[PDB]
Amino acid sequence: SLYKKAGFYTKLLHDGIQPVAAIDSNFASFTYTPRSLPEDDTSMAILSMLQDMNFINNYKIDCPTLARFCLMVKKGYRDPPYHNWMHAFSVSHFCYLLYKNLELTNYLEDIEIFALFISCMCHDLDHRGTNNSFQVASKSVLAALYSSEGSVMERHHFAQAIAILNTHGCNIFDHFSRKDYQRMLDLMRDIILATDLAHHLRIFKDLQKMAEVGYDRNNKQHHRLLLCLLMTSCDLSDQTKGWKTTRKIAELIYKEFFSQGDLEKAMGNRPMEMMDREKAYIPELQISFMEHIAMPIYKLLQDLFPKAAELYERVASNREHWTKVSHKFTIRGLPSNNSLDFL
């Protein structure tokens, strides 16, 4: 359960921002797997995405400041199996794919899309590989700061994002007017807080109604709900990739969950069954997560954006693959080598 912080640029500045096609001809497609990209090329890819969406020119973003901001955000992640920089990078890449493939500009303001992308980058900053319940139980400093207000980790992720903006030479919004600077902070707060599953469970019935009635670009509330739905679709986007991606992410997520469970046992507390390596049956848990959480999110995305149908079909297909493969996975927890390659 020990996950370290690596701390407390020229290669990015000299080698100019790259055209996205030079990274991969499939870079702007829903079939691209951003986890395939070498970790050392991810900061360059973030810059390339912001340039391709024209955010650097439209918001007059200072490129050295942007390069420093990206490296600070990258260094802001610990190394648990799942909630690391590669997860934030892949979530950020999905936001870019929604911009490129759906008609985001016809649904949200440019500032809201910029905020969605920056939030994707920051949304799990300094994650400890433990959930909100653990913060409360371990009586952590984060729980002391935020438990009474809800969404402990998510409030921390946003505070970490703010601390980066406040770091000398990293303020990408420095030249913004007081009103626009504040709008960026408010958007980043609401978007990061939307990543708490408990918040998604609370606003579901309303997302279910926005799609039932239809999206209205003039309803300020429709903009807020959409950002919540889009942020959760970026968060769970590993489920929209190929079977091998969902299998590898299940391995990473459960290795992280099982480490929390071992830690709870060491503290003399009984962990949730899904976090207990002696009780959890991964295929059943994954199928339940896809049916209750991931599939309804992509079904809503499909209802609002017709071009998003392929995303929902891929999630449904992956859920079908888990059912069919379950007969070959006869054990609770993970095998001795922590790998699901046998599937």
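From 1 onward, residues are counted along the sequence shown. Think of the rigid core as the biggest set of C-alphas that the two forms share within 1.5 Å after superposition.
Comparing the two stretches 274-282 and 46-54 by root mean square C-alpha distance in 9 other deposited structures of this protein, with all structures fitted on the core, the more displaced one is 274-282.
After a core fit, the C-alpha atoms in 9 other deposited structures of this protein lie farther on average from the shown form in one of 152-160 and 194-202, namely 152-160. According to the record, the deposited sequence contains no missing residues between residue 342 and residue 343, so the chain is continuous there. In this crystal structure, the stretch out of 67-75 and 220-228 whose C-alpha atoms carry the higher mean B factor is 220-228. Between 196-204 and 238-246, the higher mean Cα B-factor belongs to 196-204. If you compare the C-alpha temperature factors of 275, 56, 49, 295 in the entry, 56 comes out highest. The maximum CA B-factor among the listed residues 83, 179, 156, 123, taken from the PDB record, is found at 179. In this PDB entry, residue 289 carries a Cα temperature factor that places it within the middle third of its chain's modelled residues.
Among all modelled residues in this chain, the alpha-carbon of residue 118 has a temperature factor (C-alpha) in the lowest third. In the deposited entry, the Cα temperature factor of residue 62 places it in the highest third of its chain's modelled residues. In the PDB entry, a CA B factor belonging to the middle third of its chain's modelled residues is recorded for residue 150.
Among the modelled residues of its chain, residue 269 has a C-alpha B-factor that falls in the highest third according to the deposited record.
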